[PDB]
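**Q** If it helps, the file is called coords_5.cif and holds mmCIF, N, CA, C and O atoms:
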```
data_input
#
loop_
_atom_site.label_atom_id
_atom_site.label_comp_id
_atom_site.auth_asym_id
_atom_site.auth_seq_id
_atom_site.Cartn_x
_atom_site.Cartn_y
_atom_site.Cartn_z
N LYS A 51 0.81 -1.21 0.00
CA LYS A 51 0.00 0.00 0.00
C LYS A 51 0.85 1.26 0.00
O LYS A 51 1.71 1.44 0.86
N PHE A 52 0.61 2.13 -0.97
CA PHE A 52 1.19 3.45 -0.96
C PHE A 52 0.32 4.36 -0.11
O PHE A 52 -0.90 4.40 -0.26
N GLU A 53 0.95 5.04 0.84
CA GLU A 53 0.20 5.87 1.79
C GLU A 53 0.14 7.29 1.24
O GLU A 53 1.11 8.05 1.21
N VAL A 54 -1.04 7.64 0.74
CA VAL A 54 -1.21 8.91 0.05
C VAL A 54 -1.68 9.97 1.04
O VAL A 54 -2.69 9.80 1.73
N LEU A 55 -0.92 11.05 1.13
CA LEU A 55 -1.33 12.18 1.95
C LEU A 55 -2.15 13.12 1.09
O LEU A 55 -2.00 13.15 -0.14
N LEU A 56 -3.02 13.88 1.73
CA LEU A 56 -3.97 14.71 1.00
C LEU A 56 -3.83 16.19 1.27
O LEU A 56 -4.76 16.95 0.97
N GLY A 57 -2.70 16.64 1.82
CA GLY A 57 -2.44 18.06 1.92
C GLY A 57 -1.95 18.47 3.29
O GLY A 57 -2.49 18.03 4.31
N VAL A 58 -0.93 19.32 3.33
CA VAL A 58 -0.40 19.83 4.59
C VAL A 58 -0.99 21.23 4.76
O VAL A 58 -0.48 22.22 4.23
N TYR A 59 -2.08 21.30 5.52
CA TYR A 59 -2.74 22.56 5.80
C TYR A 59 -2.18 23.19 7.07
O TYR A 59 -1.56 22.52 7.90
N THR A 60 -2.40 24.49 7.21
CA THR A 60 -1.88 25.21 8.36
C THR A 60 -2.95 26.15 8.89
O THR A 60 -3.89 26.52 8.18
N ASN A 61 -2.79 26.53 10.15
CA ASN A 61 -3.63 27.54 10.77
C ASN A 61 -3.23 28.91 10.25
O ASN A 61 -2.05 29.20 10.07
N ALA A 62 -4.22 29.73 9.97
CA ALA A 62 -3.99 31.07 9.44
C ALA A 62 -3.78 31.99 10.64
O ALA A 62 -4.73 32.34 11.34
N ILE A 63 -2.52 32.36 10.88
CA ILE A 63 -2.21 33.24 12.00
C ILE A 63 -2.66 34.64 11.62
O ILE A 63 -1.94 35.36 10.91
N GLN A 64 -3.84 35.04 12.07
CA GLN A 64 -4.35 36.33 11.67
C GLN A 64 -3.69 37.44 12.48
O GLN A 64 -3.39 37.28 13.67
N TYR A 65 -3.41 38.54 11.81
CA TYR A 65 -3.01 39.75 12.50
C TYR A 65 -4.20 40.29 13.27
O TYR A 65 -5.33 40.28 12.78
N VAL A 66 -3.96 40.68 14.52
CA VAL A 66 -4.98 41.33 15.33
C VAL A 66 -4.38 42.60 15.89
O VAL A 66 -3.53 42.54 16.79
N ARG A 67 -4.82 43.74 15.38
CA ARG A 67 -4.35 45.02 15.84
C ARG A 67 -5.27 45.52 16.94
O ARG A 67 -6.48 45.27 16.92
N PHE A 68 -4.69 46.20 17.93
CA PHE A 68 -5.51 46.75 19.00
C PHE A 68 -6.40 47.87 18.49
O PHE A 68 -7.55 47.99 18.91
N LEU A 69 -5.90 48.66 17.55
CA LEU A 69 -6.74 49.68 16.95
C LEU A 69 -7.78 49.08 16.02
O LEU A 69 -8.78 49.75 15.71
N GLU A 70 -7.58 47.84 15.57
CA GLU A 70 -8.53 47.23 14.65
C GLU A 70 -9.84 46.89 15.35
O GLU A 70 -10.92 47.03 14.76
N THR A 71 -9.78 46.46 16.61
CA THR A 71 -11.01 46.12 17.29
C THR A 71 -11.67 47.38 17.85
O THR A 71 -11.15 48.48 17.74
N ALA A 72 -12.84 47.19 18.45
CA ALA A 72 -13.59 48.30 19.01
C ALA A 72 -13.32 48.50 20.49
O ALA A 72 -13.99 49.33 21.12
N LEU A 73 -12.38 47.75 21.06
CA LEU A 73 -11.96 48.03 22.42
C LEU A 73 -11.25 49.38 22.52
O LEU A 73 -11.33 50.04 23.55
N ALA A 74 -10.66 49.84 21.42
CA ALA A 74 -10.02 51.15 21.38
C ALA A 74 -11.01 52.31 21.35
O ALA A 74 -10.59 53.44 21.07
N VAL A 75 -12.30 52.07 21.57
CA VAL A 75 -13.17 53.17 21.96
C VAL A 75 -12.97 53.45 23.43
O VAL A 75 -13.03 54.60 23.88
N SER A 76 -12.61 52.42 24.20
CA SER A 76 -12.47 52.59 25.64
C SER A 76 -11.15 53.24 26.03
O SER A 76 -10.82 53.30 27.21
N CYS A 77 -10.39 53.71 25.05
CA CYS A 77 -9.22 54.54 25.30
C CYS A 77 -9.00 55.43 24.09
O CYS A 77 -9.66 55.27 23.07
N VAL A 78 -8.09 56.38 24.21
CA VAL A 78 -7.55 57.06 23.05
C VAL A 78 -6.07 56.71 22.97
O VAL A 78 -5.43 56.46 23.99
N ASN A 79 -5.55 56.64 21.76
CA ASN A 79 -4.20 56.15 21.60
C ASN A 79 -3.24 57.28 21.27
O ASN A 79 -3.63 58.38 20.88
N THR A 80 -1.95 56.98 21.42
CA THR A 80 -0.89 57.91 21.08
C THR A 80 0.38 57.11 20.85
O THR A 80 0.80 56.36 21.73
N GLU A 81 0.98 57.25 19.68
CA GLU A 81 2.26 56.62 19.41
C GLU A 81 3.36 57.40 20.10
O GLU A 81 3.50 58.61 19.90
N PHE A 82 4.14 56.72 20.93
CA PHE A 82 5.24 57.31 21.67
C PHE A 82 6.45 56.43 21.42
O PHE A 82 6.47 55.27 21.87
N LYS A 83 7.45 56.94 20.71
CA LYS A 83 8.56 56.08 20.35
C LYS A 83 9.59 55.91 21.46
O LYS A 83 10.49 55.08 21.32
N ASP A 84 9.47 56.67 22.54
CA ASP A 84 10.46 56.67 23.62
C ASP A 84 9.76 56.64 24.97
O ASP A 84 10.06 57.45 25.85
N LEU A 85 8.80 55.73 25.12
CA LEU A 85 8.01 55.66 26.35
C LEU A 85 8.86 55.30 27.55
O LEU A 85 8.61 55.79 28.65
N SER A 86 9.89 54.50 27.36
CA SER A 86 10.62 54.03 28.51
C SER A 86 11.57 55.07 29.08
O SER A 86 12.13 54.84 30.15
N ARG A 87 11.75 56.20 28.42
CA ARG A 87 12.47 57.29 29.07
C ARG A 87 11.56 58.09 30.00
O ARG A 87 12.06 58.91 30.77
N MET A 88 10.25 57.89 29.93
CA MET A 88 9.37 58.49 30.92
C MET A 88 9.49 57.69 32.21
O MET A 88 9.51 56.46 32.19
N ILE A 89 9.59 58.39 33.34
CA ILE A 89 9.54 57.70 34.62
C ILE A 89 8.20 57.97 35.29
O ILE A 89 7.72 57.16 36.08
N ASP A 90 7.58 59.11 34.98
CA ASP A 90 6.43 59.54 35.76
C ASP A 90 5.55 60.46 34.93
O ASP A 90 5.87 61.64 34.78
N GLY A 91 4.45 59.95 34.41
CA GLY A 91 3.51 60.80 33.70
C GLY A 91 2.51 61.44 34.64
O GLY A 91 1.86 60.77 35.45
N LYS A 92 2.38 62.76 34.53
CA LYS A 92 1.55 63.50 35.46
C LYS A 92 0.55 64.34 34.69
O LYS A 92 0.94 65.09 33.80
N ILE A 93 -0.72 64.21 35.04
CA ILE A 93 -1.78 65.03 34.49
C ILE A 93 -2.41 65.79 35.64
O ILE A 93 -2.28 65.41 36.81
N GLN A 94 -3.07 66.89 35.32
CA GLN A 94 -3.54 67.79 36.36
C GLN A 94 -4.90 68.35 35.98
O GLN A 94 -5.14 68.68 34.82
N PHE A 95 -5.80 68.43 36.96
CA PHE A 95 -7.09 69.07 36.77
C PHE A 95 -7.22 70.27 37.69
O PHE A 95 -6.55 70.37 38.71
N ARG A 96 -8.11 71.17 37.31
CA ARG A 96 -8.46 72.32 38.13
C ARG A 96 -9.97 72.46 38.10
O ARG A 96 -10.55 72.67 37.04
N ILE A 97 -10.61 72.32 39.25
CA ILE A 97 -12.06 72.30 39.32
C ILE A 97 -12.51 73.55 40.06
O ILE A 97 -12.45 73.61 41.29
N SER A 98 -12.97 74.56 39.32
CA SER A 98 -13.53 75.75 39.94
C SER A 98 -14.93 75.41 40.40
O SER A 98 -15.84 75.25 39.59
N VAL A 99 -15.11 75.27 41.72
CA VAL A 99 -16.38 74.83 42.29
C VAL A 99 -17.11 76.07 42.83
O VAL A 99 -16.75 76.55 43.91
N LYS B 51 16.27 61.23 31.19
CA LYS B 51 15.03 60.76 31.78
C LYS B 51 14.15 61.98 31.99
O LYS B 51 14.66 63.08 32.19
N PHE B 52 12.84 61.78 31.93
CA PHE B 52 11.92 62.87 32.20
C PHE B 52 10.67 62.38 32.90
O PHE B 52 10.29 61.22 32.80
N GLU B 53 10.03 63.30 33.61
CA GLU B 53 8.62 63.17 33.97
C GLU B 53 7.84 64.00 32.96
O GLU B 53 8.30 65.06 32.52
N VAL B 54 6.70 63.49 32.53
CA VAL B 54 5.98 64.10 31.42
C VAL B 54 4.73 64.77 31.93
O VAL B 54 3.97 64.19 32.70
N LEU B 55 4.51 66.00 31.49
CA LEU B 55 3.26 66.71 31.73
C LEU B 55 2.35 66.47 30.55
O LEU B 55 2.60 66.97 29.45
N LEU B 56 1.27 65.72 30.77
CA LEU B 56 0.38 65.32 29.69
C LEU B 56 -0.75 66.31 29.48
O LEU B 56 -1.85 65.91 29.07
N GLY B 57 -0.52 67.58 29.74
CA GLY B 57 -1.54 68.59 29.62
C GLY B 57 -2.21 68.87 30.95
O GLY B 57 -1.94 68.23 31.97
N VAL B 58 -3.11 69.85 30.93
CA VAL B 58 -3.83 70.24 32.14
C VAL B 58 -5.16 70.85 31.72
O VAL B 58 -5.25 71.54 30.70
N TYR B 59 -6.22 70.52 32.45
CA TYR B 59 -7.56 70.89 32.04
C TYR B 59 -8.27 71.60 33.18
O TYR B 59 -7.87 71.54 34.34
N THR B 60 -9.36 72.27 32.82
CA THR B 60 -10.24 72.86 33.80
C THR B 60 -11.68 72.78 33.32
O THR B 60 -11.95 72.49 32.15
N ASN B 61 -12.59 73.04 34.24
CA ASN B 61 -14.01 73.11 33.95
C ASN B 61 -14.40 74.50 33.49
O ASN B 61 -13.72 75.49 33.76
N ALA B 62 -15.51 74.57 32.76
CA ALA B 62 -16.13 75.83 32.40
C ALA B 62 -17.37 75.99 33.25
O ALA B 62 -18.26 75.13 33.23
N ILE B 63 -17.43 77.09 34.00
CA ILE B 63 -18.55 77.33 34.90
C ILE B 63 -19.80 77.70 34.11
O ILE B 63 -19.76 78.49 33.16
N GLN B 64 -20.92 77.09 34.49
CA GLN B 64 -22.20 77.30 33.84
C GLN B 64 -22.80 78.62 34.31
O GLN B 64 -23.08 78.79 35.51
N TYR B 65 -22.99 79.54 33.38
CA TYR B 65 -23.54 80.86 33.68
C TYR B 65 -25.05 80.79 33.56
O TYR B 65 -25.66 81.35 32.64
N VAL B 66 -25.66 80.09 34.50
CA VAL B 66 -27.10 79.96 34.49
C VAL B 66 -27.73 81.23 35.04
O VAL B 66 -27.31 81.78 36.06
N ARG B 67 -28.76 81.70 34.34
CA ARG B 67 -29.54 82.85 34.79
C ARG B 67 -30.86 82.34 35.30
O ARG B 67 -31.29 81.24 34.95
N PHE B 68 -31.50 83.14 36.15
CA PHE B 68 -32.85 82.82 36.58
C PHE B 68 -33.82 82.88 35.42
O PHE B 68 -34.79 82.12 35.38
N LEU B 69 -33.56 83.76 34.45
CA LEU B 69 -34.35 83.75 33.23
C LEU B 69 -33.93 82.64 32.29
O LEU B 69 -34.71 82.26 31.41
N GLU B 70 -32.71 82.11 32.45
CA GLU B 70 -32.25 81.05 31.57
C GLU B 70 -32.94 79.73 31.89
O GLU B 70 -33.17 78.91 31.00
N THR B 71 -33.24 79.50 33.16
CA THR B 71 -34.03 78.34 33.52
C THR B 71 -35.51 78.68 33.47
O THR B 71 -35.90 79.85 33.38
N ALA B 72 -36.34 77.66 33.54
CA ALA B 72 -37.77 77.86 33.37
C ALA B 72 -38.48 78.25 34.65
O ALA B 72 -39.71 78.33 34.64
N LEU B 73 -37.75 78.51 35.74
CA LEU B 73 -38.39 78.93 36.98
C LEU B 73 -39.03 80.30 36.86
O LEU B 73 -39.97 80.61 37.60
N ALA B 74 -38.59 81.11 35.90
CA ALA B 74 -39.18 82.42 35.64
C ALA B 74 -40.58 82.34 35.03
O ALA B 74 -41.20 83.39 34.83
N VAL B 75 -41.06 81.15 34.69
CA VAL B 75 -42.48 80.98 34.41
C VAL B 75 -43.30 81.29 35.65
O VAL B 75 -44.36 81.92 35.59
N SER B 76 -42.79 80.89 36.81
CA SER B 76 -43.55 81.03 38.05
C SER B 76 -43.64 82.48 38.49
O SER B 76 -44.65 82.90 39.07
N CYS B 77 -42.60 83.27 38.26
CA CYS B 77 -42.50 84.59 38.85
C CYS B 77 -42.30 85.66 37.77
O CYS B 77 -41.41 85.54 36.93
N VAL B 78 -43.13 86.69 37.81
CA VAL B 78 -42.94 87.85 36.97
C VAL B 78 -41.89 88.76 37.60
O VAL B 78 -41.84 88.93 38.83
N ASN B 79 -41.00 89.30 36.77
CA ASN B 79 -39.89 90.11 37.26
C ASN B 79 -40.21 91.59 37.06
O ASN B 79 -41.31 91.97 36.68
N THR B 80 -39.22 92.44 37.35
CA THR B 80 -39.36 93.87 37.14
C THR B 80 -38.27 94.37 36.20
O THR B 80 -37.33 93.66 35.86
N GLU B 81 -38.42 95.63 35.81
CA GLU B 81 -37.33 96.35 35.16
C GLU B 81 -36.22 96.62 36.17
O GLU B 81 -35.03 96.39 35.89
N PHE B 82 -36.60 97.09 37.35
CA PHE B 82 -35.67 97.40 38.42
C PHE B 82 -36.43 97.27 39.73
O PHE B 82 -37.66 97.22 39.75
N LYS B 83 -35.68 97.23 40.82
CA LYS B 83 -36.18 97.71 42.11
C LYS B 83 -34.97 98.07 42.95
O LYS B 83 -34.22 97.18 43.36
N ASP B 84 -34.78 99.36 43.21
CA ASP B 84 -33.73 99.79 44.13
C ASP B 84 -34.34 99.85 45.52
O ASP B 84 -35.21 100.68 45.80
N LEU B 85 -33.89 98.95 46.40
CA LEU B 85 -34.54 98.77 47.68
C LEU B 85 -34.18 99.91 48.63
O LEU B 85 -33.35 100.78 48.31
N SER B 86 -34.86 99.93 49.78
CA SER B 86 -34.91 100.94 50.84
C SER B 86 -35.60 102.23 50.40
O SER B 86 -35.80 103.12 51.22
N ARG B 87 -35.99 102.34 49.13
CA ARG B 87 -36.93 103.37 48.73
C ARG B 87 -38.33 103.06 49.24
O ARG B 87 -39.15 103.97 49.38
N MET B 88 -38.61 101.79 49.51
CA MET B 88 -39.80 101.39 50.24
C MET B 88 -39.37 100.51 51.41
O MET B 88 -38.39 99.76 51.30
N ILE B 89 -40.06 100.65 52.53
CA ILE B 89 -39.90 99.73 53.65
C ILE B 89 -41.12 98.82 53.62
O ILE B 89 -40.99 97.59 53.65
N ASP B 90 -42.30 99.43 53.57
CA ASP B 90 -43.53 98.76 53.19
C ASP B 90 -44.19 99.58 52.09
O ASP B 90 -44.64 100.70 52.33
N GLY B 91 -44.24 99.01 50.89
CA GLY B 91 -44.94 99.65 49.80
C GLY B 91 -46.44 99.60 49.92
O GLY B 91 -47.12 100.46 49.35
N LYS B 92 -46.95 98.61 50.67
CA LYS B 92 -48.38 98.43 50.95
C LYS B 92 -49.22 98.33 49.68
O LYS B 92 -50.12 99.14 49.46
N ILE B 93 -48.89 97.37 48.82
CA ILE B 93 -49.74 97.14 47.66
C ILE B 93 -51.00 96.41 48.12
O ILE B 93 -50.93 95.31 48.69
N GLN B 94 -52.15 97.03 47.87
CA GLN B 94 -53.42 96.63 48.46
C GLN B 94 -54.38 96.20 47.37
O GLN B 94 -54.57 96.91 46.37
N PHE B 95 -55.00 95.04 47.56
CA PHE B 95 -55.84 94.42 46.55
C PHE B 95 -57.31 94.62 46.88
O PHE B 95 -57.79 94.15 47.92
N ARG B 96 -58.02 95.31 45.99
CA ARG B 96 -59.45 95.56 46.13
C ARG B 96 -60.19 94.66 45.15
O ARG B 96 -60.50 95.04 44.02
N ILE B 97 -60.47 93.43 45.59
CA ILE B 97 -61.25 92.48 44.81
C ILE B 97 -62.72 92.65 45.15
O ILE B 97 -63.07 93.30 46.14
N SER B 98 -63.60 92.08 44.33
CA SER B 98 -65.03 92.10 44.61
C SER B 98 -65.62 90.83 44.00
O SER B 98 -65.70 90.72 42.78
N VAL B 99 -66.02 89.89 44.85
CA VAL B 99 -66.54 88.62 44.37
C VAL B 99 -67.93 88.82 43.79
O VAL B 99 -68.82 89.38 44.44
#
```
With the file now loaded, output its structure as structure tokens.

**A**
Amino acid sequence: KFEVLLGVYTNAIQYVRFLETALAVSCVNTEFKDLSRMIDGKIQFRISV
Amino acid sequence: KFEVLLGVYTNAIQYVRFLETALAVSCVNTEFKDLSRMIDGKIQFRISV
């Protein structure tokens, strides 16, 4: 008996981008090429009550 | 190395007027009234059923 194979198939490793999904409504994005030189990001509010 | 200031924000105070809200439906206003010109003005109502 000759053992005939019928094809070597593979899983399609799909690209999944974070901006591609709709989870990126729950944040806004910003490309930062040197994030690791930041040690401490500080934001500030002022509430005139 | 740096600490980053990611901006700073404040609120805008709502300039609500008594005429801007609908409570002025309940009360008729005046052009003016400079007080202490009357202590008791004694506006008197002469109705007749």

**Q** Can you translate the PyMOL selection byres ((chain A) within 6 of (chain B)) into the concrete residues it hits in this file, as a tab-separated table (two decimals) with N, CA, C and O atoms, in the coordinates of the input?

**A**
```
chain	number	residue	atom	x	y	z
A	87	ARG	N	11.75	56.20	28.42
A	87	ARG	CA	12.47	57.29	29.07
A	87	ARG	C	11.56	58.09	30.00
A	87	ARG	O	12.06	58.91	30.77
A	88	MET	N	10.25	57.89	29.93
A	88	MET	CA	9.37	58.49	30.92
A	88	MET	C	9.49	57.69	32.21
A	88	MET	O	9.51	56.46	32.19
A	89	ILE	N	9.59	58.39	33.34
A	89	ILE	CA	9.54	57.70	34.62
A	89	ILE	C	8.20	57.97	35.29
A	89	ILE	O	7.72	57.16	36.08
A	90	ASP	N	7.58	59.11	34.98
A	90	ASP	CA	6.43	59.54	35.76
A	90	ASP	C	5.55	60.46	34.93
A	90	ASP	O	5.87	61.64	34.78
A	91	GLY	N	4.45	59.95	34.41
A	91	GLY	CA	3.51	60.80	33.70
A	91	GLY	C	2.51	61.44	34.64
A	91	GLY	O	1.86	60.77	35.45
A	92	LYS	N	2.38	62.76	34.53
A	92	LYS	CA	1.55	63.50	35.46
A	92	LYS	C	0.55	64.34	34.69
A	92	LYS	O	0.94	65.09	33.80
A	93	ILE	N	-0.72	64.21	35.04
A	93	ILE	CA	-1.78	65.03	34.49
A	93	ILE	C	-2.41	65.79	35.64
A	93	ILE	O	-2.28	65.41	36.81
A	94	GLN	N	-3.07	66.89	35.32
A	94	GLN	CA	-3.54	67.79	36.36
A	94	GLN	C	-4.90	68.35	35.98
A	94	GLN	O	-5.14	68.68	34.82
A	95	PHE	N	-5.80	68.43	36.96
A	95	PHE	CA	-7.09	69.07	36.77
A	95	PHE	C	-7.22	70.27	37.69
A	95	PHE	O	-6.55	70.37	38.71
A	96	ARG	N	-8.11	71.17	37.31
A	96	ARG	CA	-8.46	72.32	38.13
A	96	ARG	C	-9.97	72.46	38.10
A	96	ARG	O	-10.55	72.67	37.04
A	97	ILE	N	-10.61	72.32	39.25
A	97	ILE	CA	-12.06	72.30	39.32
A	97	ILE	C	-12.51	73.55	40.06
A	97	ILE	O	-12.45	73.61	41.29
A	98	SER	N	-12.97	74.56	39.32
A	98	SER	CA	-13.53	75.75	39.94
A	98	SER	C	-14.93	75.41	40.40
A	98	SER	O	-15.84	75.25	39.59
```

**Q** Superimpose chain A on chain B so that the squared distances between all in-order C-alpha pairs are minimised, and send the result as a compact mmCIF listing (two decimals) with N, CA, C and O atoms, in the frame of the given file.

**A**
```txt
# COMPACT_ATOMS: atom_id res chain seq x y z
N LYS A 51 13.97 59.91 34.36
CA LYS A 51 12.66 60.05 33.75
C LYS A 51 12.19 61.50 33.72
O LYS A 51 12.16 62.17 34.75
N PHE A 52 11.84 61.98 32.54
CA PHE A 52 11.19 63.26 32.41
C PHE A 52 9.70 63.07 32.63
O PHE A 52 9.08 62.18 32.05
N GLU A 53 9.13 63.87 33.52
CA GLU A 53 7.72 63.71 33.89
C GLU A 53 6.89 64.62 33.01
O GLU A 53 6.87 65.85 33.13
N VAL A 54 6.21 64.00 32.05
CA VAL A 54 5.49 64.76 31.03
C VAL A 54 4.04 64.95 31.48
O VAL A 54 3.33 63.99 31.78
N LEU A 55 3.63 66.20 31.55
CA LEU A 55 2.23 66.51 31.84
C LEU A 55 1.47 66.57 30.53
O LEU A 55 2.05 66.85 29.47
N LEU A 56 0.18 66.31 30.60
CA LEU A 56 -0.62 66.20 29.39
C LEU A 56 -1.74 67.21 29.29
O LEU A 56 -2.67 67.01 28.49
N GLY A 57 -1.70 68.29 30.07
CA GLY A 57 -2.64 69.38 29.88
C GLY A 57 -3.26 69.85 31.18
O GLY A 57 -3.66 69.04 32.02
N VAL A 58 -3.35 71.16 31.35
CA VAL A 58 -3.97 71.74 32.54
C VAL A 58 -5.38 72.15 32.12
O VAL A 58 -5.60 73.23 31.56
N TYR A 59 -6.34 71.27 32.39
CA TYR A 59 -7.73 71.53 32.08
C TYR A 59 -8.43 72.21 33.25
O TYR A 59 -7.96 72.16 34.39
N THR A 60 -9.55 72.84 32.96
CA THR A 60 -10.29 73.56 33.99
C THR A 60 -11.77 73.27 33.84
O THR A 60 -12.25 72.87 32.77
N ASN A 61 -12.50 73.48 34.93
CA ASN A 61 -13.95 73.41 34.92
C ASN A 61 -14.51 74.64 34.24
O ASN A 61 -14.02 75.75 34.42
N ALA A 62 -15.52 74.43 33.42
CA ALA A 62 -16.15 75.52 32.68
C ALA A 62 -17.22 76.12 33.59
O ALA A 62 -18.28 75.53 33.78
N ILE A 63 -16.92 77.29 34.15
CA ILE A 63 -17.87 77.95 35.04
C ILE A 63 -18.97 78.54 34.17
O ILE A 63 -18.81 79.63 33.60
N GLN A 64 -20.09 77.83 34.05
CA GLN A 64 -21.13 78.31 33.17
C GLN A 64 -21.93 79.42 33.84
O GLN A 64 -22.16 79.40 35.06
N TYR A 65 -22.30 80.41 33.05
CA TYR A 65 -23.26 81.39 33.50
C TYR A 65 -24.62 80.73 33.63
O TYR A 65 -25.01 79.92 32.79
N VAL A 66 -25.30 81.02 34.73
CA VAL A 66 -26.67 80.55 34.92
C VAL A 66 -27.51 81.74 35.31
O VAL A 66 -27.40 82.25 36.43
N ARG A 67 -28.36 82.19 34.40
CA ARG A 67 -29.24 83.30 34.64
C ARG A 67 -30.56 82.78 35.17
O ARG A 67 -31.02 81.70 34.79
N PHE A 68 -31.17 83.54 36.09
CA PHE A 68 -32.47 83.13 36.61
C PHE A 68 -33.54 83.22 35.54
O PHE A 68 -34.43 82.37 35.48
N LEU A 69 -33.45 84.21 34.67
CA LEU A 69 -34.39 84.29 33.57
C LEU A 69 -34.12 83.22 32.52
O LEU A 69 -35.01 82.92 31.71
N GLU A 70 -32.91 82.65 32.51
CA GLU A 70 -32.59 81.64 31.51
C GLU A 70 -33.34 80.34 31.76
O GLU A 70 -33.77 79.67 30.81
N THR A 71 -33.53 79.97 33.02
CA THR A 71 -34.23 78.73 33.29
C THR A 71 -35.74 78.95 33.22
O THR A 71 -36.22 80.06 33.02
N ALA A 72 -36.48 77.87 33.40
CA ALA A 72 -37.93 77.93 33.34
C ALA A 72 -38.56 78.08 34.71
O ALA A 72 -39.80 78.02 34.82
N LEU A 73 -37.75 78.26 35.76
CA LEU A 73 -38.31 78.60 37.05
C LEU A 73 -38.96 79.98 37.04
O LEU A 73 -39.92 80.22 37.76
N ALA A 74 -38.51 80.86 36.14
CA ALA A 74 -39.10 82.18 35.99
C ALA A 74 -40.47 82.16 35.31
O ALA A 74 -40.95 83.23 34.91
N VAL A 75 -41.08 80.99 35.11
CA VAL A 75 -42.51 80.98 34.86
C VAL A 75 -43.24 81.13 36.18
O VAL A 75 -44.30 81.76 36.26
N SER A 76 -42.62 80.66 37.27
CA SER A 76 -43.28 80.71 38.57
C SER A 76 -43.21 82.08 39.22
O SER A 76 -43.58 82.23 40.38
N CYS A 77 -42.73 83.08 38.48
CA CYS A 77 -42.81 84.47 38.91
C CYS A 77 -42.83 85.34 37.67
O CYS A 77 -42.63 84.86 36.56
N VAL A 78 -43.09 86.63 37.85
CA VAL A 78 -42.80 87.61 36.82
C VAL A 78 -41.72 88.53 37.37
O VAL A 78 -41.63 88.74 38.58
N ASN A 79 -40.87 89.03 36.49
CA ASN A 79 -39.72 89.77 36.95
C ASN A 79 -39.89 91.26 36.70
O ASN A 79 -40.74 91.70 35.92
N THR A 80 -39.05 92.04 37.37
CA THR A 80 -39.01 93.48 37.20
C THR A 80 -37.65 93.97 37.66
O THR A 80 -37.25 93.71 38.79
N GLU A 81 -36.93 94.66 36.78
CA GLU A 81 -35.67 95.27 37.16
C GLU A 81 -35.94 96.53 37.97
O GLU A 81 -36.67 97.42 37.52
N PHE A 82 -35.38 96.59 39.17
CA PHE A 82 -35.54 97.72 40.07
C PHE A 82 -34.14 98.12 40.50
O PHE A 82 -33.48 97.35 41.22
N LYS A 83 -33.68 99.29 40.09
CA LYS A 83 -32.30 99.64 40.38
C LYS A 83 -32.10 100.19 41.79
O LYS A 83 -30.95 100.37 42.20
N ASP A 84 -33.17 100.45 42.52
CA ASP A 84 -33.10 101.08 43.84
C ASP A 84 -34.03 100.37 44.81
O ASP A 84 -34.83 101.00 45.49
N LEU A 85 -33.94 99.04 44.84
CA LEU A 85 -34.84 98.24 45.68
C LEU A 85 -34.63 98.52 47.16
O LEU A 85 -35.59 98.51 47.93
N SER A 86 -33.41 98.83 47.56
CA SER A 86 -33.17 98.95 48.98
C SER A 86 -33.66 100.27 49.55
O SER A 86 -33.65 100.43 50.77
N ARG A 87 -34.11 101.20 48.73
CA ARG A 87 -34.79 102.36 49.28
C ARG A 87 -36.26 102.06 49.58
O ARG A 87 -36.92 102.87 50.24
N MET A 88 -36.79 100.94 49.11
CA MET A 88 -38.12 100.53 49.53
C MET A 88 -38.02 99.96 50.94
O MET A 88 -37.10 99.20 51.25
N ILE A 89 -38.95 100.35 51.80
CA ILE A 89 -39.02 99.72 53.11
C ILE A 89 -40.22 98.78 53.17
O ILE A 89 -40.22 97.81 53.92
N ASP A 90 -41.25 99.07 52.37
CA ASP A 90 -42.52 98.37 52.55
C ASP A 90 -43.31 98.37 51.25
O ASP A 90 -43.93 99.38 50.92
N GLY A 91 -43.30 97.27 50.53
CA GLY A 91 -44.12 97.17 49.33
C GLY A 91 -45.53 96.70 49.65
O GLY A 91 -45.73 95.68 50.32
N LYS A 92 -46.51 97.45 49.16
CA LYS A 92 -47.89 97.17 49.51
C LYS A 92 -48.71 97.03 48.24
O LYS A 92 -48.67 97.90 47.39
N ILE A 93 -49.45 95.93 48.14
CA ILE A 93 -50.38 95.70 47.05
C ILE A 93 -51.76 95.56 47.66
O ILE A 93 -51.91 95.28 48.86
N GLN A 94 -52.78 95.79 46.85
CA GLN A 94 -54.13 95.88 47.38
C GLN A 94 -55.11 95.24 46.41
O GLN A 94 -54.99 95.40 45.20
N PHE A 95 -56.07 94.48 46.95
CA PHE A 95 -57.14 93.92 46.16
C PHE A 95 -58.48 94.47 46.62
O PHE A 95 -58.63 94.92 47.75
N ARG A 96 -59.45 94.40 45.73
CA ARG A 96 -60.83 94.76 46.04
C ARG A 96 -61.73 93.70 45.44
O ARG A 96 -61.74 93.52 44.23
N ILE A 97 -62.46 92.98 46.28
CA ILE A 97 -63.25 91.85 45.83
C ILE A 97 -64.72 92.21 46.01
O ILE A 97 -65.25 92.15 47.12
N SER A 98 -65.38 92.59 44.92
CA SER A 98 -66.82 92.84 44.96
C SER A 98 -67.51 91.49 44.97
O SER A 98 -67.54 90.79 43.96
N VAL A 99 -68.07 91.11 46.12
CA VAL A 99 -68.67 89.79 46.30
C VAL A 99 -70.20 89.95 46.20
O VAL A 99 -70.81 90.40 47.17
```

**Q** Could you go through chain A and tell me which residues DSSP, when run on the backbone, assigns to strand (DSSP E), listing them as a list in words?

**A** residues 88, 89, 90, 91, 92, 93, 94, 95 and 96 of chain A

**Q** Go ahead and compute the interatomic distance for atom C of residue 77 (chain B) and atom C of residue 64 (chain B), in Å to one decimal.

**A**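 It comes out at 21.0 Å.
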
**Q** Hey, can you check how far atom N of residue 66 (chain A) sits from atom O of residue 84 (chain A)?

**A**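 We find that atom N of residue 66 (chain A) and atom O of residue 84 (chain A) lie 24.6 Å from each other.
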
**Q** One decimal, Å: what's the distance from atom C of residue 80 (chain A) over to atom N of residue 68 (chain A), could you say?

**A**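 Computing the Euclidean distance for atom C of residue 80 (chain A) and atom N of residue 68 (chain A) yields 12.4 Å.
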